[PDB]
Every structure is written in C-alpha cells, then in structure tokens.
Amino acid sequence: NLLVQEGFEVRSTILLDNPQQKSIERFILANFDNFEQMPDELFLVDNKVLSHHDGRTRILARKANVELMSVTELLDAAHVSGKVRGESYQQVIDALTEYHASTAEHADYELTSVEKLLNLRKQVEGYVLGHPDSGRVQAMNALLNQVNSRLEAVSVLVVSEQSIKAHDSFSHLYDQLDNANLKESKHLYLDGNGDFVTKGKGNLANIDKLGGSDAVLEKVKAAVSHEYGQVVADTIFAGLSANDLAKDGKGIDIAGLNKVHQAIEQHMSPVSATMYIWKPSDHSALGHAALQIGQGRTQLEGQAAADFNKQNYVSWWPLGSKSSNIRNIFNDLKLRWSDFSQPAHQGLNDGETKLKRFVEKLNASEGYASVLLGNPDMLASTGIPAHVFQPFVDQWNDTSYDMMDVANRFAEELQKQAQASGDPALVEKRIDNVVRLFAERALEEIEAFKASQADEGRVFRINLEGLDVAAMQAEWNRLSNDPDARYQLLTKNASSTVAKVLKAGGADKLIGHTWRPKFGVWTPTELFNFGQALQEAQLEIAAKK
C-alpha cells in the first residue's frame, strides 16, 4: 500500500484535504476505493466530497456526475421549431461559448474562468426571468442546474470569492434584468420557493391578488439589506412611494425595481460621472473629451477598486489595453484626464519620443506585419479572422525565431484575404488604420497631456449626478470588450463614445428632449454644452423634491 504524510499527501504528489484532525478521516478512506485511479486533489469540506483532476472541480458524494452542456448540445435542447433565436437566447449561447473557451487553458477555479461562469448564470437566469412562457425554459433550467452545480464545486477553491454575488443580494436579482429584456410595466412575483419570477400565462390570479401580499416588496427590501445593510435599505425605501415602486401602486414592477437600483446608487455615490473637456490655448489645435464613470452601487475594495476605476474610464480605446499596446510596441504611464487636473501640490517623454519616431517611421506594408504579430490584442481588431492570423502569430512566437520569412508570408496572406472579401480597399484601410491610426491617436493624446502640464490650455470638469451608473458601465463594456467594438472606437471621436455612454445612463430622460449637436456630430464643445444642460436638468429635479 501507500503512506500518507503532512492538508495531507500520498506517495507511491497526490494531495488530500479535510475541514482536519477529526473522525471525518474515517469517512475519507471509505470513499476511496483504488490505487492508481486517484484524483490529483481530493477534499472534504461538508456533506459534499470534492476532487480536482486536471483542471476540473467535481462534487463527488453526499452521505453524482455533472457535465455542463456544450453549445451544440444546448442548440439541440433549446431548439424550438418556427421561432428565431432572439437576443436573449443569443446572449446565453455566447456566454456558454465564452465559458467552454476558458476551461481550455485555465483551471475552473481561476478567477477568469469564474467570472465567465458567473456571466453564464447571469444570462440564463435573466433568460427565464424575462421569458417564462418560452418553449426554451426546460433546456434553460437543465442548464441552470448544471451551472449552479459548477459554481458550488468550484467556489470552494476560488481564492477571492468576493466577485461571487450572494443568491440573496439585490445585485443577484438586478443582474437578471439585462438579459430579461422585460417591459417595465411587468410585475415581479414569487413562486412556490419564494424566488423572483414573472408570470405570463398563469398570470390572471396574481394580477387579481396584488395588494394582498407584500412578500415581493419585502423580498426586494430583504435583498438590499443583505447586501448593503439595514441602514441603506431603511433609507432608500423611506423615500420610495408605492407608485414609484409600481405603475398601478401595488407590489413592484420593473420600472420600480430600477428606481430601487438608482436610489441605492445616489446613496452610495452622489456623482454618477465626471466629464473632462480639454480646451487647448490653440495651435489651431484639437480639443479632447473623456468621461469617468463612478462606482455607483458597486462594493469593491483595494486594488480591485482601482482596477474597476481604470476600466470605467471612457475614451477612444479602453485604458488598460491602450496602455499595454503602447508598451508592447517598444518594450509607468498614466493616461487619464483626471491625472492632469491637479493644480500644483501633487512616461510622457520616452513614450512621446518613441511614438513620434514610430508614426514618422510608419510614414514611409512589410513593416506592418511585424507590428501586428507583435500586438495580437490589436491584430484581432483588424477584421482578419483569428484562424487566419494565429498560424503566423504562432510561427512568429515559438518556432525557432525564424521571424522575417513568416512576417513576409503573413503579408502575402493579408492580400489574399483582402481579395477574398470582395472589397480590398476596405480590408487594407482597416489594417492600416489599426496599426497606424492607434499610434497617431495615442501620440496626439500624450501631446495634449504634455500641453496641459506645460499649462497650454485648460481642463474642464463636469461632475454629473442622477444618471444610471450601472447602465453606463455596461454600455461602455459593450463598446470596448471585443476587438470589433474597439475598431469602432478607434475610428470615431471620444466625444461621441462618451455621448453614447451618457445616453445609456439616461441622459435624454434627464434633459427632457432629444439633444442634437450641430450637424449631428459630437465635439468636445458640444459635449460640454450637453454636460451643462444635464447639470441644469438635475437641479431642476432635485430642487423639485
């Protein structure tokens, strides 16, 4: 047989764990049945016994094998003849795709592959929250059970655990609205488990018995309180009427649930966003705009809060990626307007020089190939499909340092791809744009920062209240989280990207009417005046209470 040493270890490298030196040890070897057939890791935390083999965490016993369905398996299970796949169904399919993607080169308990898993849960739940009569629900429920089995097995080993939002949070509810796509007059009800649900067909009874019970309103209150404490819950419900809470003044519809959402936000964080407007003293020069989205309801601490902050910063490219792209093409730098709005009581030279000698070096397409294969984060923004470039990226990276032949062979492929498309002008412009448009844009920005440090203009700030932060965060996430979204930022004003994010957060509702910039195009001077009208709208709203 084999001996066990100090969790524990076994040797003929196979770890073993008990939650420690009790009579639970008697239950352990009982389960164990064989010699070479042993999982790398094995655990005993509760009535559940769990193992980690390869990259996969499983829950083995409670004294049942659980495969998450593949996308095609799900296509077979959610199939409903005659019906088109709607956005809600697409959001799920995509989230499942992104998940199985992550278990390929990660352990299931890594935070990346858990955030993936959570989003799946988030997307399934909202599927059902918003489409209770869909012929899809059976398959969704089957998938949901699978996900929760996965979360349960895995969370034991997730290191932080903080990102995992309690099943009884206000967040865990609110998160479902995104993929629910619910009409706001729709009410929330509770089922025979007291879970949140909406009803369509068995509807009439619930519709008739509305004032009859407050279990729904009290569940929502209980949720807020479990997450934000009784003080927050007391305070924000104290100033929410019954008709704020529901069109008809009974229970809670979705409009109401959003008012609970926003209310929590104003409480935790009075300002929704800060708009920055750089007005250079003018070399016949260009003005700049950016927006910092606040933290709203979000409860994060330390490093993760700083990260969240940087990722909520709106410009012509997401900030973490801009930063790395800039280093990558050469190899700390701070690239926010907030960084230069300090005034005299407490890099941009090595980066400015390097970038000047890059654009002008680019202003003279074989060289291009070398740059994209260096920057794959940017190469995916060119519109060339992964399966085409990756062979070459791979060749460049690992295979023997035989670089220049590959760089040349890649350039050839780019032209075969431009022809295939049936619009080569367009393919070629897009590659060109990624490569060099980004360089020029980053350069011009760094130069504005410098111009501000050398006091050659003025950075204006507008602090905006009353907008839907979460909404703004999500919009900006759309606009920046895939390689295409980014190409779409690259080729427009920061001013307009900002205006799209403001509009997501409720801007127009605030101002009252639809705002149109002169000619229909955003500029920093347009954003500014917009900014100012939004501020005037808030006072003529908060002063109304």
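In case it trips you up, residue 1 is the first one in the sequence shown, and so on.
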Are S12 and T13 truly consecutive in the deposited sequence, or are residues between them missing coordinates? Give the number as none, 1 to 3, 4 to 9, or 10 or more. 4 to 9
For the neighbouring pair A364 and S365, the stretch of deposited sequence with no coordinates amounts to 10 or more
Looking only at C-alpha temperature factors in the entry, 49 to 57 or 489 to 497, the higher average sits in 49 to 57
When the C-alpha temperature factors are averaged for each of 223 to 231 and 275 to 283, which stretch ends up with the higher value in the entry? 275 to 283
Residue with maximal Cα B-factor (values as given in the PDB entry) among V66, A507, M69, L479: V66
If you compare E444, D208, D398, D339, which has the highest Cα B-factor in the entry? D398
Consider only the C-alpha atoms of the modelled residues in this chain, order them by B-factor as the entry records it, and name the third containing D175: lowest, middle or highest. lowest
Which third of the chain holds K503 when residues are ordered by C-alpha B factor: lowest, middle or highest? lowest
Chain thirds of CA B-factor: placement of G192: middle
Splitting the chain's C-alpha B-factors into thirds, which one does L16 fall into? highest
For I329, does the deposited CA B-factor place it in the lowest, middle or highest third of the chain? highest
